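Here's the structure we're looking at; comments come further down.
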Ligand SMILES: [Cu+2]
């Protein structure tokens, strides 16, 4: 199955957001990222993707289709707006083994605060 995600300047959680910011998927699913507003992309955060997953980075303003294989948690960001809290959490399969590690990792406070809310 496919899950559509919008990249917006302003959404429910404030400025610079991914909607939804919490994506539940299974191996083989696709996640389609649509930059509804310009100035956004999607990029995997180093050490915040499952062991064995492929690192990825889309072009600013491009529709990006990500195929998810490896089970686990993935924290993606918008390159330009990471520091403003523009992130999404992809959970592939049940009980992602690296989720606690990701929650604990060093990241901007705003990011930290948005992550804590998506998880809740
Ligand atoms: Cu952005």
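Throughout, chain A uses Swiss-Prot numbering, with the displayed residues spanning 24-143 in order.
Per deposition record, X-ray crystallography, 1.8 Å.
Positions of Cβ are set from backbone N, Cα and C atoms, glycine also.
According to Swiss-Prot, the protein carries these features:
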- 63, 101, 104, 109: Cu cation binding site (BINDING)
- 28-116: domain 'Plastocyanin-like' (DOMAIN)
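Swiss-Prot feature annotations superimposed on the structure.
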residue : record                 : CB count, 10 Å
63      : Cu cation binding site : 25
101     : Cu cation binding site : 25
104     : Cu cation binding site : 19
109     : Cu cation binding site : 28
For the Cu cation site built from 63, 101, 104, 109, further residues of that chain with CB within 8 A of the site's CB center: 30, 39, 40, 41, 62, 64, 100, 102, 103, 105, 107
The domain 'Plastocyanin-like' (28-116): DSSP-derived helix, strand, coil residue counts: 3 helix, 42 strand, 44 coil
